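Coordinate-derived values only; no laboratory data. We place every Cβ from the backbone using ideal geometry, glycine too, and count neighbours over all the protein chains shown.
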Amino acid sequence: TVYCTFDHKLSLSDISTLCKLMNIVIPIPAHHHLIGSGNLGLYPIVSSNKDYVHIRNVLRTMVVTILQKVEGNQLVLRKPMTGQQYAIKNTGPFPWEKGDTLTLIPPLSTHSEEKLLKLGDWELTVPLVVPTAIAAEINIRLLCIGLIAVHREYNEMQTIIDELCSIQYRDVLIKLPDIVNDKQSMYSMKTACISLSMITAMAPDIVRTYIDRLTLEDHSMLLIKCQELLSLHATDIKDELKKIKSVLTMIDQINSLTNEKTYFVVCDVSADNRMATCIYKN
Amino acid sequence: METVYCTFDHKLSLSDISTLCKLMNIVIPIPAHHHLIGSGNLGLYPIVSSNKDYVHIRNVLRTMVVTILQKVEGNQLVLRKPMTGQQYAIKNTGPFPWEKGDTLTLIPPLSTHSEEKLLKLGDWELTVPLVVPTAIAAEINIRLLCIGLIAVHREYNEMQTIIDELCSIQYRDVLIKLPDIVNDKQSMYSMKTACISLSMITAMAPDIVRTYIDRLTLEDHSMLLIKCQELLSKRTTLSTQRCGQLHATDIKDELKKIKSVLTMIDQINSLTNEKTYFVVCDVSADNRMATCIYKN
Amino acid sequence: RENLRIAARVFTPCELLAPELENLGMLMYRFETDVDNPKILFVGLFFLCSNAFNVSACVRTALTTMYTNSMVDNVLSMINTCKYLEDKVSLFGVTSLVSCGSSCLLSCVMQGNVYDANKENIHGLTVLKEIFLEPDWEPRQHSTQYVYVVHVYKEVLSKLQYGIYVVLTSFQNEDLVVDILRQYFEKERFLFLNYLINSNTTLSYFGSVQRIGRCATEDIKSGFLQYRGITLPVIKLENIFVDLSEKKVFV
Amino acid sequence: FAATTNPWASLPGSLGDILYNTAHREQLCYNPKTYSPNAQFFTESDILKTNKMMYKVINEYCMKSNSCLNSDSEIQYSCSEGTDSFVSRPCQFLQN
Amino acid sequence: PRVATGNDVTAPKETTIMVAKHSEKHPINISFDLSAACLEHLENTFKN
């Protein structure tokens with residue numbers, strides 16, 4: 001239990017907004033029994049350069065809590081234990097099909113201003129909760145923006161970004177503007193580049209043959225699309241096992257790049273789909 | 001709440017109640033949608049043999065809620081779902097022996113159609129995932145991928161004996177034959193999305209890494225540049241002879257190549273890892289059941 | 001009463017546990033064996049830190065003199081003739097209740113704090129001082145740290161040499177930990193990007209990290225162990241909620 | 001009075017059956033979000049499933065037809081087949 | 001119940017039927033929050 005106290009008296013509109021906002025994950029860095037206005041939420045970091053991946057890294061470092069039982073200016077945050085059941089109100093604009101794993105993502109800046117809190121040069125920046133599929137999708141897009149923006153053209157950076165950025169998952173359009181192009185993608189691409197070099201050097205003889213053998217036997221239309229992208233074996237089988245194991249491990253590494261740690265596992269969903277129950281903590 | 005009650009559609013025979021009493025502890029995967037019928041959405045019968053991909057099978061088996069049988073009533077199944085970090089008891093189903101401290105996991109059943117098919121109640125049956133150690137799970141994954149790769153391959157006069165040497169595995173003096181034979185497709189699982197995606201990764205890697213390493217080394221990288229020169233030059237010693245297009249590529253082309261090669265990895269996310277569903281603490285006598293703890 | 005800790009009774013021949021029959025709280029390793037009568041055989045952390053490459057020659061020969069008999073010589077030969085290390089030996093837990101019989105009985109804790117019974121003198125994990133390092137942005141950041149064990153290999157032109165590291169970090173996230181470990185380990189990593197192609201031994205990575213469990217920041221204290229007068233500097237974690245997780249490899 | 005009134009969907013391998021059958025859909029990947037209403041009519045496995053469900057369950061209710069004052073001792077239960085038929089009222093019956 | 005004919009034969013059966021019926025089980029849960037302070041002051045009953 002972490003009690004928050006803002007030291008500043010809030011109005012009835014503020015207590016109505018927090019009553020609307022009850023049962024939401026808020027991350028804290030402090031790990032004390034007491035927190036205040038300075039450490040609550042994500043505003044004490046989102047003034048430093050506003051970089052999405054920077055917020056993502058420190059948000060990985062943060063310690064997550066659940067809002068509970070606001071008694072006026074005092075604000076209970078439960079520290080939720082491992083694998084126990086907890087009720088979460090959602091903020092991500094999604095339809096939230098049950099049983100999927102959930103991660104915790106930096107807030108994608110919508111054009112409309114937030115109505116959560118703005119009080120005395122301090123807002124309540126709440127990070128969103130998303131499914132792991134669209135989380136990995138966003139991380140793919142981050143890595144891809146760096147792969148393209150290491151390459152340099154004039155009036156083509158905008159041509160890549162405006163086509164790529166607006167994505168749709170479960171009838172929801174989101175976008176990520178103003179990428180600073182830091183070297184974050186360069187390191188997290190550099191180990192990918194290393195691993196793709198290893199996939200090249202360690203990939204077996206069966207597999208790139210397996211394309212041509214599959215195509216020369218039979219054909220399918222998605223195989224013809226893969227062909228568009230494309231354009232003796234005398235008992236070496238333990239070597240083949242080892243090479244396929246190495247290629248699989250490189251794919252595990254590049255998957256561990258774009259993967260985000262699942263923070264929640266959904267069991268029951270309300271019909272309004274504002275609150276859902278989970279049984280997980282990392 | 002803590003437990004789950006399933007109700008069978010039909011009454012149970014005497015041999016069927018005897019089968020459930022033989023199987024009174026087992027893992028059962030259930031989907032997230034709580035279906036109260038004891039014939040629908042339990043044991044994963046509705047997922048294999050109705051929608052089969054072997055990446056879909058591995059994905060859904062990863063995402064399903066494991067739940068262990070506890071007690072059989074006169075009509076209903078009592079199914080307790082595990083809490084993480086606590087002890088439970090598992091009766092042994094897999095062929096491979098359990099020893100103490102082993103990490104356990106759930107692989108899909110090697111579904112030859114010669115099994116005894118534990119329940120068979122009017123076109124509905126019960127197939128359980130095999131509780132198996134983790135090194136075995138990696139090994140069986142790689143052997144199944146090897147069979148699915150070399151099965152499509154033609155004009156090998158050694159094809160029957162190399163499929164035999166793939167299907168023969170051995171681990172702690174318990175042999176099993178892998179059912180991925182000469183492609184009867186009883187349950188071959190067909191692994192076509194998996195094999196095409198693996199070969200797209202091993203296909204798209206060298207030219208995307210070539211288009212990157214041909215760029216921006218005016219500073220001393222000297223840790224990736226010459227390293228990737230050696231890495232590319234071992235496997236492809238003769239590099240870029242005919243050139244295909246003679247080096248006229250698009251920024252959108254490299255965009256699409258990067259996006260596809262990063263999408264296929266998160267498609268083969270299912271064959272990426274295996275999670276330790278159980279860490280067995282002690283093994284009971286005669287290796288028929290074992291008390292374990294639950295993780296993930 | 002109440003316990004809530006998870007233990008396992010253990011039979012191991014008494015030759016291998018030479019100082020670890022005296023100082024309670026040590027990491028233990030499972031070593032499966034193709035010999036069918038001892039299917040599993042249990043290995044001391046310091047016993048494998050013998051042929052770890054991090055350990056300097058003085059500490060290595062000192063604990064080799066703590067670790068010289070015929071049975072240990074044969075077991076070290078078996079470990080060296082194993083191709084890789086990390087899945088022929090394996091992490092197992094923390095020592096409590098040495099019995100020292102003929103074939104000695106060991107309790108070993110999987111989860112929870114390290115205590116036999118009656119909850120007097122709750123023991124702690126004992127790590128050799130050479131074999132750990134804390135790569136982090138700020139050392140001992142705010143509060144309690146997660147303790148991980150990392151196996152790292154090295155290749156000096158003949159064979160593979162394994163190396164045993166222990167990291168202590170405030171980061172819980174395994175992705176953040178492997179991202180700071182690649183920054184620590186990049187040099188020998190590029191050496192293995194050279195090596196793993198020309199190698200034919202079945203391995204696929206540079207190292208792997210696995211969580212032991214929680215510690216407490218104010219409960220880290222220095223000291224030494226001594227067996228037959230061999231003073232050996234150790235850093236003793238005091239109260240440990242043992243929380244094993246999966247192995248996470250990195251190349 | 002005619003045998004079939006269409007040889008372009010009643011025949012095996014006709015254009016309708018190949019276009020809207022799942023057994024011949026395996027050679028062509030597609031957007032799964034496009035819900036075909038005719039994908040419940042031409043597919044072999046699903047119409048076999050509906051025919052055997054309807055036949056076995058009309059057999060069930062014919063077992064349960066007679067009163068227990070005259071028939072034997074047996075429980076009576078709807079067996080959720082009606083709930084499986086609600087969505088599929090032109091698809092259990094295949095009637096369109 | 002039985003209806004006596006009297007013409008040719010009365011249907012002589014006892015007609016006692018056993019009817020086996022199974023039992024379904026179903027539990028019902030509540031959460032029921034409370035409060036620390038509400039619990040402490042109500043419990044104390046100190047009229048100081």
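A few points about this structure:
- All-pairs Cα distance distribution in the range C:48-128, expressed in whole percent, bin size 5 Å: 3, 11, 15, 19, 22, 17, 10, 3, 0
- The loop-placed trypsin sites (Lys or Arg not before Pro) in the range B:161-264, going by DSSP, that have at most 14 neighbouring Cβ atoms within 10 Å of their Cβ come out as B:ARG172, B:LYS185, B:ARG215, B:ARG242.
- In degrees, nearest ten, helix D:44-63 long axis to first principal axis of chain D (Cα): 10 degrees
- Among beta bridges that DSSP assigns inside the protein assembly as shown, antiparallel share in %, nearest 5: 95 percent
- For the pair B:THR112 and B:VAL78, a Förster radius of 45 Å applied to the C-beta separation gives a FRET efficiency near 0.90, rounded to the nearest 0.05.
- If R0 equals 60 Å, the separation of the Cβ atoms of C:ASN3 and D:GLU44 corresponds to a calculated FRET efficiency of about 0.50.
- Mean separation of Cα contacts under 8 Å (6+ apart) over length of the range A:56-159, as relative contact order %: 21 percent
- Per-selection Kirkwood Rh - the range C:115-251 (Cα, Å, 1 d.p.): 16.6 Å
- Cα-based Rg / Dmax (Å) for the protein assembly as shown: 31.6, 119
- Most to least packed among D:36-48, A:195-207 [average Cβ atoms within 10 Å]: A:195-207, D:36-48
- Working from label points 7 Å from Cα in the Cα-to-Cβ sense, the D:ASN66 to C:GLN172 distance is 6.6 nm.
- Placing unit charges on the Cβ atoms of the charged side chains and taking the dipole of the range C:140-222 about its Cα centre, the candidate lying farthest along the positive direction among C:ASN194, C:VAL177, C:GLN141 is C:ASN194.
- DSSP beta bridge pairing in chain B, given as percent antiparallel to the nearest 5: 95 percent
- Values of log10 I(q)/I(0), in the order q = 0.09, 0.15, 0.21 Å⁻¹, for the range B:151-296 under a Debye, Cα-only, solvent-free model: -0.57, -1.08, -1.35
- Mean residue ellipticity (222 nm) of the protein assembly as shown, computed from DSSP H runs ≥ 4 via -39,500 (n - 2.57), nearest 500: -9500 deg cm²/dmol
- For chain B, the calculated P(r), taken from all Cα-Cα distances in 10 Å bins from zero up to the bin holding the longest distance, is 5, 22, 27, 21, 13, 8, 3, 0 percent.
- Number of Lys-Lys pairs in the range C:84-237 with C-alpha atoms under 16 Å apart and a separation of 8 or more places or on different chains: 4.
- Here the average projected area of the convex hull drawn through the C-alpha atoms of chain C stands at 14.4 nm².
- Note on the range B:224-296 and the range A:1-73: Cα centroid distance 38 Å, given to the nearest whole angstrom.
- Modelled this way, with points 7 Å down the Cα-to-C-beta line, the labels at B:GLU219 and E:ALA11 are 10.0 nm from one another.
- Local electrostatic count, B:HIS247, Cβ distance below 14 Å [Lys/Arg +1, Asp/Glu -1]: -2
- 20 Å Cα-Cα reach of A:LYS89 towards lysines, excluding residues that sit fewer than 8 places from it in its own chain: A:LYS20, A:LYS69, A:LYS79, A:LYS98, A:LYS115, A:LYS261, A:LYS281
- Two-site FRET efficiency, D:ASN31 against B:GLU230, from Cβ-Cβ distance with R₀ of 35 Å, rounded to 0.05: 0.20
- Using 0.36 nm per residue and subtracting the Cα-Cα separation, the extra length available between B:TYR171 and B:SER18 on full extension is 52.0 nm.
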